[PDB]
């Protein structure tokens, strides 16, 4: 069990950046005095770290830390984020994460959007008088509103982030029906109108409140 404990502490020390990305790990003898454990426990812990891919060890050299890659960190977070959606409280936690992003977007637009950008937002809400399918018009207005909103700050990754957050939720649910989208879109349209009204008034507090009115 001692070997598991030095393994866990060494893994945490690696994540805490107490060791860089070099051969930085101490020798076996130092690890023994550091933890007050025997050479077998130290040897076993190092072997487990190597099998996990956390260190490189050659020919009785000193271990070299190899931090988890971007893909493994991302893989862990994404599996966590995906699993939570199967629980009702996971859906609530993920909606709040999305809300944090959308709050900052609507507050930023209210304080920084030019008149040209505000007109772009309002145009996204413009429903044609001759529109034959009002439900389709609301779906179109919904997509177009969020694209303009997410692009206002000029950051080229924001739009992909916003779309990924909605896609993430949709992917865990069975396909949305046309009928349920209709009442959701009607609700969304009202909330978008109030947000744009607040952005026109350059009022971030009002914009945030229209977003959160639930």
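Positions refer to the first chain, counted from 1.
Exercise for the section: Determine, for stretches 125-133 and 106-114, which one has the higher mean CA B-factor as deposited. Expected result: In the deposited entry, the stretch with the higher C-alpha B-factor mean is 125-133.
Exercise for the section: Between 57-65 and 155-163, name whichever shows the higher mean Cα B factor according to the PDB entry. Expected result: Higher mean C-alpha B-factor in the PDB entry: 57-65.
Handout entry: Highest recorded Cα temperature factor - choice among 33, 150, 169, 49
Key = Out of 33, 150, 169, 49, the record gives the largest C-alpha B-factor to 33.
Practice task
Comparing against every modelled residue in the chain, figure out the third that the C-alpha B-factor of residue 39 lands in (lowest, middle or highest).
Solution key: Within its chain, residue 39 is a highest-third residue by C-alpha B-factor, going by the deposited values.
Handout entry: Record-listed C-alpha B factor of residue 182: chain third
Key = It falls in the top third of the chain.
Exercise for the section: Sort the modelled residues of this chain by their C-alpha B factor and say whether residue 29 lands in the lowest, middle or highest third. Expected result: As the PDB entry reports it, the C-alpha B-factor of residue 29 lands in the highest third of its chain.
Handout entry: residue 10 - which third its CA temperature factor falls in, relative to the rest of the chain
Key = Tercile = middle for this residue's CA B-factor.
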